[PDB]
Every structure is written in structure tokens, then in C-alpha cells.
Amino acid sequence: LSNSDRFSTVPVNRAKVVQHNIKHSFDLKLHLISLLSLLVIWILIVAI
Amino acid sequence: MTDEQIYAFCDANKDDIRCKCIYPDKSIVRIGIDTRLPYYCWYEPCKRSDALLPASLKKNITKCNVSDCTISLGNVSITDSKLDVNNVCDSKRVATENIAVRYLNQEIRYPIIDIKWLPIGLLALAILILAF
Amino acid sequence: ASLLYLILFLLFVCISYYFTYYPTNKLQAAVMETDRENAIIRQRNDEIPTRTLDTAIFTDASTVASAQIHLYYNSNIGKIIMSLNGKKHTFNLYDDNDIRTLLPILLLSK
Amino acid sequence: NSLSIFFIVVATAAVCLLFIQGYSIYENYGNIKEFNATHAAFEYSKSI
Amino acid sequence: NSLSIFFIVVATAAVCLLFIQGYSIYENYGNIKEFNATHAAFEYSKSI
Amino acid sequence: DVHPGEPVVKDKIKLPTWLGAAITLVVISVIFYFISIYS
Amino acid sequence: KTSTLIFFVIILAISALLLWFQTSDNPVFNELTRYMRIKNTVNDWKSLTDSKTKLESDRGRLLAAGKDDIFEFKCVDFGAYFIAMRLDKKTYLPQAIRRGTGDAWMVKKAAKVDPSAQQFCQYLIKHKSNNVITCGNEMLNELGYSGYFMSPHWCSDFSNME
Amino acid sequence: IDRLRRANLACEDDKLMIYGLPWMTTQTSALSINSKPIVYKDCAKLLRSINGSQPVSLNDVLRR
Amino acid sequence: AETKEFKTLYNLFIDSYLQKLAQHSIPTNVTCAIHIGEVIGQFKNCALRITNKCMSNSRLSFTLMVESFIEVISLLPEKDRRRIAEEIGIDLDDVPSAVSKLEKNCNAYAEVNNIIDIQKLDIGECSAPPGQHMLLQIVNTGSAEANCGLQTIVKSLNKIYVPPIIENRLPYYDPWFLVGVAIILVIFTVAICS
Amino acid sequence: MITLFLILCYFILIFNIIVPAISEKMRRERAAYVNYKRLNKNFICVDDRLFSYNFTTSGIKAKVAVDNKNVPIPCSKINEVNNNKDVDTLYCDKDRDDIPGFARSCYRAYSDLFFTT
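Cut-offs and rules
- Residues numbered from 1 in each chain as written, not as in the entry; some residues may be left out.
- Chains lettered and ligands numbered in written order.
- Part of a larger assembly, values for the part shown.
- Heavy atoms only, no water.
- Helix = DSSP H or I, 4+ residues; strand = E, 2+ residues; numbered from the N terminus.
- Rg over C-alpha atoms; globule rule 2.2 N^0.38 Å.
- Contact = heavy atoms within 4.5 Å.
- Buried < 20%, exposed > 50% of the residue type's maximum accessible area, 1.4 Å probe, protein only.
- UniProt positions renumbered as here; feature names shortened; annotations may be inferred.
- Salt bridge = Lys/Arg side-chain N within 4 Å of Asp/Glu carboxyl O.
- Buried area = accessible area lost by both parts, 1.4 Å probe.
- Polar contact = N/O pair within 3.5 Å; in protein donor to acceptor, adjacent residues only side chain to side chain.
- Nonpolar A, V, L, I, M, F, W, Y, C, P; charged D, E, K, R; others polar.
- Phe/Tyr/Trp six-rings, centres within 6.5 Å; stacked < 30°, edge-to-face > 60°.
- Core = buried A, V, L, I, M, F, W, Y, C linked by side-chain atoms within 4.5 Å.
- Expected span 1.5 Å × (residues − 1).
- Patch = residues over 30% accessible without salt bridge, like charges linked within 9 Å, V, L, I, M, F, W, Y side chains within 5 Å.
- Areas by Shrake-Rupley, 256 points an atom, 1.4 Å probe, with all protein chains shown as cover.
- Pairing = 2+ DSSP bridges.
- Axes fitted to C-alpha atoms, helices over the stretch in contact; angles between N-to-C directions.

In its metadata, the entry names cryo-EM as the structure determination method and reports 3.05 Å as the resolution.

Enquirer: Explain the overall build of chain G to me, please; I cannot follow it from the model alone.
Expert: Helix and strand counts for chain G come out as five helices and five strands. Secondary structure of chain G in N-to-C order comes out as α-α-β-β-β-β-α-β-α-α. Relative to the globule expectation of 15 Å for 162 residues, the C-alpha radius of gyration of chain G, 25 Å, shows a markedly less compact shape. For chain G, the spread of C-alpha atoms along the principal axes amounts to about 90 × 35 × 25 Å. Of all intrachain contacts in chain G linking residues separated by at least 6 positions in sequence, the fraction that spans at least 24 positions is 55%.

Enquirer: What am I meant to see in unusual backbone geometry here?
Expert: Following G:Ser151, the chain continues to G:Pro152 via a peptide bond in cis, the omega torsion being 0°. Summarising the element assignment, G:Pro152 is placed in the loop between helix 4 (137–143) and helix 5 (154–161). Phi is positive for J:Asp48, close to 65°, though the residue is something other than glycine. Looking at the element boundaries, J:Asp48 is found in the loop between strand 1 (44–46) and strand 2 (49–56). The partly exposed category is assigned to J:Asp48, whose relative accessible area is 43%.

Enquirer: Where do I start with the environment of C:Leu4 in this structure?
Expert: By the element assignment, C:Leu4 lies in helix 1 (residues 2–21). For C:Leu4 and C:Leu71, which are 67 residues apart along the polypeptide, the C-alpha to C-alpha distance reads 58 Å.

Enquirer: I tried to follow the UniProt feature "transmembrane region" in chain B on my own but got confused; where do I start?
Expert: Within this numbering scheme, the UniProt entry marks residues 112–132 of chain B as carrying the feature "transmembrane region". The straight-line gap between the two end C-alpha atoms of residues 112–132 of chain B is 32 Å; of that span, 48% is helix and 0% is strand.

Enquirer: What exactly am I supposed to notice about the pattern of salt bridges here?
Expert: Side-chain pairs of opposite charge can arise where the charged atoms are in close proximity. Residues and elements named next belong to chain B. Considering all chains together, one arrives at 31 salt bridges over all chains under this definition. Of the charged contacts in the structure, one is a salt bridge between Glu107 and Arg109, with a shortest N-O distance of 3.9 Å. The partly exposed category is assigned to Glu107, whose relative accessible area is 31%. The exposure class of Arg109 is partly exposed, given its relative accessible area of 33%.

Enquirer: Sorry, what's going on with the interface of chain D and chain F here?
Expert: Often, the extent of an interface is quoted as the loss of accessible area upon association of its parts. The partner chain F presents seven residues to the eight residues of chain D that form the contact. Across the interface of chain D and chain F, roughly 600 Å² is buried in total on both sides, 90% from carbon and sulfur atoms. Inspection of the chain D/chain F interface yields zero salt bridges. Between the two partners, chain D and chain F, sit zero residue pairs in polar contact. When its residues are assigned to classes, the side of chain D that touches chain F shows seven nonpolar, one polar and no charged.

Enquirer: Explain the packing of aromatic side chains to me, please; I cannot follow it from the model alone.
Expert: Where two aromatic rings form a pair, the distance of their centres and the angle of their planes describe that pair. One pass over the structure, following the stated rule, counts 34 aromatic pairs over all chains. Note on C:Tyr17 and C:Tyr22: the rings are 5.8 Å apart at their centroids and 85° apart in plane angle, and the pair reads as edge-to-face. Relative accessible area serves as the criterion here: at 46%, C:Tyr17 is assigned to the partly exposed category. Given the relative accessible area of 40%, C:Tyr22 is considered partly exposed. Between J:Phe11 and J:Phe15, the ring centres sit 5.0 Å apart and the planes meet at 35°, which makes this aromatic pair tilted.

Enquirer: What is the right way to read the nonpolar core from this model?
Expert: In this structure, I:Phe13, I:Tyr17, I:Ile36, I:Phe69, I:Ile88, I:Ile153 and I:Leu157 are the most contacted members of the largest nonpolar core, which totals 44 residues. For this core, the secondary structure elements donating two or more residues are helix 1 (9–23), strand 2 (32–41), strand 3 (46–50), helix 2 (58–72), helix 3 (78–88), helix 4 (101–106) and helix 5 (144–158) of chain I. If near-sequence neighbours (up to four positions away) are discounted, I:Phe69 is found in contact with I:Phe13, I:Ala85, I:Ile88, I:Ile90, I:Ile153 and I:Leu157. Ranked by size, the runner-up nonpolar core spans 43 residues in total, among them D:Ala41, G:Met36, G:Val76 and G:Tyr92.

Enquirer: Whenever I open this one, the arrangement of the chains confuses me. Can you help?
Expert: Here 23 pairs of chains are in contact, and chains B and I lead that list by number of contacts. One finds no contact linking chain E with chain G; the least C-alpha distance across the pair is 11 Å. The smallest C-alpha distance separating chain H from chain J is 17 Å, and no contact links them.

Enquirer: Before we go on, may I ask you to explain helix 1 (residues 2–23) of chain G in this structure?
Expert: Spacing of three or four residues puts side chains on the same side of an α-helix, whose turn is 3.6 residues. The first and last C-alpha atoms of helix 1 of chain G sit 32 Å apart over 22 residues, in line with the 32 Å expected at 1.5 Å per residue. Here helix 1 of chain G has its buried residues at G:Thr4, G:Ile6, G:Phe8, G:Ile11, G:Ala13, G:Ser15, G:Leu17 and G:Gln22. Here the buried face of helix 1 of chain G lies against helix 2 (30–47) of chain A, helix 2 (27–63) of chain G, helix 6 (176–193) of chain I together with helix 1 (2–37) of chain J.

Enquirer: Can you help me understand a nonpolar patch on the surface in this one?
Expert: Residues and elements named next belong to chain F. On the surface, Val26, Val30, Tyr33, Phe34, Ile37 and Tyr38 cluster together into a nonpolar patch covering about 690 Å² of accessible area. With respect to the element layout, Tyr38 can be found in helix 1 (residues 17–38). Classification of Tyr38 by relative accessible area gives exposed; the value is 73%.

Enquirer: Where do I start with the sheet that holds strand 2 of chain J in this structure?
Expert: The strands that make up a sheet pair up through hydrogen bonds in the backbone, lying either parallel or antiparallel. All names here are of chain J. Reading across from one edge, 1-2-3-4 is the order of the four strands in this open sheet, with antiparallel pairing throughout. Each having just a single partner strand, strand 1 and strand 4 (88–91) make up the two edges of the open sheet. With direction set aside, neighbouring strand axes in the sheet form an average angle of 45°. In the sheet, strand 2 pairs with strand 3 (residues 59–66) via six bridges, with the strands oriented antiparallel. Within strand 3, the position partnered with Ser52 by the bridge is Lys63.

Okay, structure coming up:
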């Protein structure tokens with residue numbers, strides 16, 4: 001029982017735990033990064 | 001409550017289900033003896049949560065069907081791996097490949113440049129006067 | 001030409017969007033195809049109800065009786081199982097004899 | 001010509017935006033690593 | 001005229017960084033307030 | 001199952017990710033346009 | 001003209017660096033791409049669950065033909081435990097006796113032939129049968145998993161056996 | 001069954017008949033449970049009391 | 001990194017045998033021990049699992065072992081399951097509650113006690129699909145003859161061929177040569193245009 | 001200089017999207033093949049046909065079991081099908097039109113492979 005307090009009598013919805021860990025986590029903005037990179041390339045090649 | 005109070009209370013009420021394996025019938029004790037299984041390890045009132053037990057009964061129940069199995073590892077050195085020493089010697093089955101997920105209460109760092117940059121940045125703007 | 005350049009850029013955008021936001025392996029693309037296909041399969045299959053449907057039934061060449069039947073249509077083998085009096089008979093929708101047996105029991109549902 | 005300077009200024013703005021995004025990722029690399037270590041199994045899984 | 005272009009781009013970088021920092025601070029001021037409140041002892045350790 | 005703890009983090013009302021970039025680009029362009037016009 | 005060529009070369013070099021980091025065994029790029037992959041997979045879990053539940057519904061409809069005894073509670077033995085299960089009359093999915101707010105009741109067996117486990121499963125069939133749990137979408141919305149893609153499990157084992 | 005939707009029931013003299021069959025254009029007699037020809041003189045009245053005087057196609061039966 | 005266990009035939013056999021031992025667990029007065037002098041692991045995703053069961057009734061131990069082995073090869077092709085069966089020394093047509101050739105061969109460990117002593121152990125390469133790990137087990141039991149059967153069956157299951165995951169990522173070294181060449185060629189095209 | 005912009009676009013597309021996409025697709029299909037051959041072998045039953053999955057240079061491929069006269073083998077005798085390793089196999093890459101819904105069965109075979117692995 002040296003680890004009795006780390007187990008919960010109630011069932012655990014681990015799927016919701018993972019969903020919350022993903023909801024409240026850092027968001028790598030690849031869409032914004034890609035759009036900005038495309039704009040930079042177009043401006044540096046075509047506009048200038 | 002103390003052991004003496006337990007004995008006095010259970011002698012006052014010897015038919016209470018709460019105290020029925022501290023003072024069980026001789027029949028139960030000798031059935032347990034004749035089966036090579038002590039009665040306090042299987043007799044239901046002992047297993048009851050609200051049942052009151054003395055010190056001796058508790059320290060004898062704590063040795064109920066206890067095994068003797070040991071693991072003696074030496075110098076263990078693992079890298080990028082997982083070590084799971086189970087040493088399990090009972091009916092309980094260890095939950096293999098059971099991913100234990102906790103709540104990652106992650107604290108998001110923000111892209112705040114050290115505001116000591118504020119003077120230097122101003123200097124940057126200042127150098128436009130060189131282009132005038 | 002300007003039109004060719006615009007077409008090439010649009011093709012670029014479409015291909016990049018597909019490769020980023022859509023599956024690129026046979027397994028997941030096949031799963032999506034199977035999802036759409038099974039949706040169509042069931043949209044066609046649900047038209048056949050399993051409820052107790054009253055109909056005229058011909059036990060012999062000169063006998064008729066009104067009774068309730070159940071119908072279950074499957075497309076893996078394309079057959080209709082008709083349940084009557086606790087017994088299920090399977091009729092194929094491709095065999096002539098099965099079609100001739102099953103058409104009157106469906107078209108005469110009271 | 002003012003249009004060329006405008007395009008250069010917009011390119012610098014977009015590059016600064018990209019640098020800020022990269023700085024965000026650099027700051028949150030620890031969170032990224034912690035999330036990966038905790039949620040490594042679900043990389044290719046089909047259920048929890 | 002390379003020097004003028006370099007001055008313009010660096011000043012634009014400074015101004016754009018100022019605006020990015022201002023907007024990020026505007027949106028995350030409360031967040032950093034609770035971050036500092038719940039981690040007040042992390043500013044200066046008592047073992048100086 | 002192992003107890004997962006409690007969800008301390010709260011779901012605050014966020015803002016669009018592109019919106020800060022949009023404001024930055026728009027304000028830079030407006031500042032440049034006013035500077036060019038007045039000059 | 002000259003600036004355009006300089007920027008062309010610079011962008012080509014940037015793309016070459018990005019390809020170098022992508023192909024090589026860089027831990028940083030590995031962490032970033034694993035972050036993205038885990039997020040995408042957890043996102044796709046829902047669609048995978050829907051597809052598997054629907055396909056299992058079709059196979060349950062096909063399987064439950066000419067067998068009225070599979071629609072009633074039976075004490076299915078899983079080699080180590082008994083479960084009182086049946087097929088739901090609506091969704092045609094495995095539906096078993098639920099243990100409180102958890103999964104299906106697993107009567108642990110102490111031997112290959114355990115009469116007490118069977119007796120207790122019958123007792124649950126006759127007394128505690130109002131609380132049930134069904135594999136599929138109810139399973140997903142209650143306990144977080146679909147029952148499928150999980151091995152060993154009573155949904156998957158019952159689908160494979162039947 | 002989409003092909004079979006065009007099928008409908010009528011009377012070939014004193015027997016049941018299925019018109020609108022693309023599977024077999026030739027005249028075929030409907031089969032009963034024991035796969036035998038159906039010969040009723042009153043089958044027309046039964047059709048009138050279920051589908052109507054006009055031969056109702058299987059498409060309308062499915063639409064029911 | 002919390003990764004799933006990559007299920008494999010011998011791993012399934014070991015886990016089924018362990019579950020059967022646990023569900024027929026009986027108290028015993030014999031001391032069962034594992035003593036490993038050195039444990040060395042230097043490869044990623046090389047999970048190590050040291051489970052210490054021990055059931056004194058070795059006859060039931062072989063019964064459960066044969067039952068688990070039979071349930072494992074219930075999914076293999078018929079020719080492969082049968083040939084592996086004669087290689088191990090177990091016959092499917094015989095009831096698991098019977099003495100087989102493997103048990104007779106491994107009875108030579110009855111005198112020795114139920115202790116697992118390893119002077120030094122090192123975990124080799126463990127190629128696993130991403131998101132999963134290759135898990136290796138060191139399982140003790142209440143008789144050295146049951147252990148004999150355990151390792152011989154584990155080796156026989158290891159003898160099968162399972163396709164490996166091949167790593168296509170190139171080794172990474174800090175690429176200053178690329179940026180240096182880029183700078184040099186930028187200077188070159190600047191000179192060319194000028 | 002829009003053409004140079006398009007050249008840069010396509011270069012980045014190929015060497016930063018398509019090549020990693022090829023590697024990712026190979027990795028996923030190889031993982032599925034490994035999880036398939038670690039327990040299952042030879043042919044498996046899908047839509048009354050029999051399919052096996054083998055890994056080649058251009059990904060995973062599903063081949064269906066057929067008899068001498070190019071007719072798919074019914075599932076019921078998979079037993080003997082596992083006994084005879086010289087049974088005729090037809091690849092799913094080629095859209096062969098004699099079999100009704102051949103590509104349907106191939107797609108369902110890939111879907112079942114994904115679900116099982």
C-alpha cells in the first residue's frame with residue numbers, strides 16, 4: 001500500500017486527460033509561419 | 001479506543017457483529033486450525049471495515065498469506081529506456097503497458113524579450129537620423 | 001504567360017494543401033474511401049426495415065394468409081433475409097428463382 | 001520609389017514576426033519536450 | 001544607397017519588434033500576472 | 001487507474017493566432033502611408 | 001536584378017538547411033515533428049472510433065441472424081473472468097453488465113473451472129442487470145475509449161470469437 | 001433492388017405475374033414459399049386491396 | 001518517454017503464463033530470488049522487465065505453460081505451429097495436463113533451488129516501431145525446471161522472423177559547410193553581377 | 001520575376017514536403033506491415049476474398065488470392081490456402097475489370113489492415 005494514494009477508486013477518463021493536455025499546450029503555428037514565409041519569399045523575389 | 005476498552009465493550013455485547021472475530025466461537029477457530037488457514041485471514045467480520053480489533057489481532061492479520069520473494073539487483077545503468085522491477089508474488093496482476101497519464105498543467109512561456117532591449121531598440125530607430 | 005503562371009501557382013497551393021492536411025498513405029486514404037462508400041451503402045440499405053410488416057403470404061399454390069414478416073437486406077452478398085414465424089429464409093436479389101419468390105412477398109405488404 | 005521601401009518594410013515586419021514565432025518555440029521547447037515524454041505512446045495509436 | 005536601406009530595415013525591425021511586444025504584453029499581461037503571483041519566490045532565492 | 005490530478009489550467013477566452021500579425025502589418029502599413037503622404 | 005538573384009540563392013540555401021534538418025537525426029526537429037504527430041493522431045482518434053463503431057454495428061447486424069439466444073444475457077467466459085453480456089436490440093453492439101460507473105463487470109476466476117464465478121455472474125444476471133454498458137459510442141462518451149483498438153477487451157474478443 | 005424497383009404485380013390470366021423485370025424480360029410466374037407457381041383467380045382483388053388497381057412498382061413499396 | 005509495449009509472440013506467451021500463474025497463485029514457504037550482478041542498458045526504447053513470480057507446484061507450472069503456449073500458436077499457420085511444436089518438444093494432440101518431452105528434458109533442474117542468478121546482463125539492440133518499445137523480460141518461477149521450460153520456449157519463439165523497422169534518417173552533424181558555401185557563392189554572384 | 005518565385009515554390013514543395021511525405025508514408029506502411037506479419041501470415045479474409053500485404057520499394061501492396069481461372073478464392077477454405085503457398089496472387093495496383101468491385105475489396109483490405117494495426 002506504499003502507493004495506495006496514487007490510485008483512484010473512481011474510474012479515470014484518460015481520454016479527457018489527454019484532450020485537456022492537448023487543449024492547454026503550446027501551439028506551434030505552422031500555418032501562420034508558412035503564410036509569413038510565403039509572403040516573405042514573394043516580396044523578396046517578385047515585389048522587390 | 002484502547003485494547004482494554006475494546007475487551008470491556010465486547011464482553012458487554014458479545015453478540016455484536018462488529019466484534020465477532022475478536023471473540024469468535026471455538027468452532028470457527030478450530031475449523032481454521034484444522035484447515036491450516038488461520039481464521040482471521042478469511043473470516044468475514046475480521047475483513048469488515050467497522051470491526052474493532054486489538055493490537056494482537058491486527059499484527060497477526062498483517063502476516064496473512066504473506067510470501068517471501070526478493071530481488072537483489074546490482075549496478076543498473078539504463079539510458080533512454082524503462083526499468084520495471086515488479087517482484088510481484090500474489091494474485092494481483094501488474095498492469096503492463098498501461099499508460100499512466102497525468103494532468104500536464106503546463107505553463108506557457110511567452111515571447112517577451114527582456115525589456116533591457118528597450119533602450120537599444122530606441123537607438124536603432126535613432127540611426128534613421130544618419131540617413132536624413 | 002500570366003495565365004500559365006497563375007495556374008501553376010494554384011496547382012502548387014492545391015498540392016501543398018493536400019500533402020499537409022490530407023492523408024498521404026494507402027491505409028488512411030482507403031479508410032476515407034471506405035467511410036464514404038459505407039455511408040452510401042447504408043443510405044441505400046436502411047430503406048429496408050426490420051419492423052413487423054404485415055403482408056399476404058403464399059404457403060402453397062392455392063393458399064394465402066396475412067402475417068407479419070421482418071426484412072434484413074445485406075450488400076456483401078446482396079440478399080434479403082425474410083423472418084416469418086421465427087424462421088429466416090434468405091433470398092438472393094440476383095437469382096431468378098429467389099427474385100420470383102421474394103417479389104410477391106414485398107409488393108403485397110398490407 | 002516609395003513602393004520598394006514599403007515592400008522592404010513589410011518584408012522586415014514579416015521576418016520579425018517569424019523571429020518572434022521561433023522565439024516562442026525556443027521558450028516553450030521545455031513544454032514541448034515534457035508533452036512528448038508524457039504523450040509519446042499516442043504518436044501512432046488508434047485509441048487511448 | 002546601401003547604408004540608407006540598412007538603416008531603414010533595422011529601424012523597421014525595431015519598430016515592428018516594439019509593436020509585437022506591445023500586443024503580446026497587451027494580450028498576456030494578466031497571464032504573466034498570475035504566473036508571477038504563483039511563482040513569486042522564484043524571482044530571488046532566499047539563499048543569496 | 002492512476003489518479004491524474006486536477007485541471008488547474010483554465011480555458012481563458014483566447015484571440016485568433018493570425019490577428020496579432022494582422023494588426024502589426026496593418027499598423028506598419030498605415031504608419032508608412034501617413035509618413036509618405038505628409039512628407 | 002542582383003538583389004533578386006541574391007535572395008534566390010539565400011532562399012535556396014534556407015530550403016537546403018531545412019531539408020538537412022528534416023532528413024537528419026536532429027533531436028530538436030524530432031521533438032517538434034513528434035509534437036505535431038501526437039496532436040494529429042489524438043485528433044484523428046474520434047474519426048477512427050466512429051468508423052470502427054459503425055463497421056462493428058454492420059457486423060453485429062450480420063451476425064445476429066437466426067439466433068435469438070445471443071440477444072439475452074449470457075455468462076461468457078474469457079479464460080480468466082466471466083462477463084454477463086448480450087447484443088443491444090437497437091445498435092447491435094456488445095452490451096454487458098456495468099460495474100458502477102466503470103467498465104463491464106469482470107468476475108475474477110481463481111481456476112480454469114471456477115463455479116463461484118459462474119454463480120455470481122448468474123446472480124448479477126438475475127438481480128443487478130439495470131446498469132449496462134455498450135461498446136461503441138456510449139463507451140466512448142462514458143469511459144473515453146471505444147472498446148475496439150484495445151487488446152485484450154471483451155468487445156474485441158467477442159467480435160473476433162463471434 | 002434498385003433494378004427490381006421497376007417490377008410490379010398483375011394477373012396473367014389466373015396466375016400472378018411480375019411486369020417490369022429487367023433481369024428477365026420474358027414472362028415469369030411468381031413463386032410461393034415452396035418455389036411453385038401461384039394460381040389464384042382472386043389475386044387481382046388482393047392486389048386492389050393492397051396496392052390498388054394500378055400496378056404499384058417496387059419503388060413505391062420501398063418508399064412506403 | 002511513456003511508450004506502448006510492442007506486443008510480440010514471446011511477450012504474449014510470457015504475459016499469458018504470468019497471468020495464469022497469478023490467477024492460480026498459492027502461498028508457499030520456499031524462498032524464490034533473483035540476483036543480477038550487473039544490468040547494462042545503452043540503447044533507446046530497450047524496456048527491461050524483471051518479474052519475480054514463484055509457484056512451488058511445478059507440475060501445474062508446466063500445465064499452465066503448455067496451455068499458454070498452445071493458445072499462443074493458435075494464430076500461427078498450421079505448418080509453422082506444428083514444426084515449432086516439435087522443435088520445443090510439445091505436442092498439440094496431447095492434453096496440457098500431461099508430461100511432455102520438454103518437461104522430461106528440463107527435469108534435470110529439480111535439485112537446484114528456484115533462484116535466478118545472472119553474473120552480468122546487457123540488453124542488445126531493440127528495433128521497434130515509433131511510439132512503441134521492445135520489452136525484454138527476466139521471469140523467475142518456483143522451480144528451476146519451469147524456468148528451463150520458460151527460457152527454451154522464449155528462445156524458440158525468438159527464432160521466428162519478424163520484419164524489423166529500418167531507420168532511414170541520416171546521421172546529423174553541424175552543417176557549417178552549407179552556409180559557408182552559400183555565403184561564398186552569394187559573394188560570387190555579387191561579383192558576377194557587378 | 002514571378003517565374004523564379006514559382007521555381008522556389010516548387011523546389012521547397014518537393015524537397016521539404018514530398019520527400020518527408022514519402023518517408024512518412026513508407027514508415028507508416030512498414031509499421032503496419034510489421035504489426036501484420038508479427039502475428040498474421042499469408043492471406044487474411046476480407047469481403048469474402050483473401051488478401052495479403054507485402055512491402056516493396058513503392059510502399060505496401062495487397063495481393064488477392066485467385067484460382068487457376070482468375071476467380072477469387074472463397075474464404076471458407078483459407079485453411080488449404082495456407083497449406084498451398086503456390087496459389088495465384090493478383091496485385092491490387094492494376095485495376096483488373098473482370099472481378100466486380102476489385103478496387104472496392106482492395107480499399108476495404110487496406111482499411112482492415114489499418115484497423116488491425
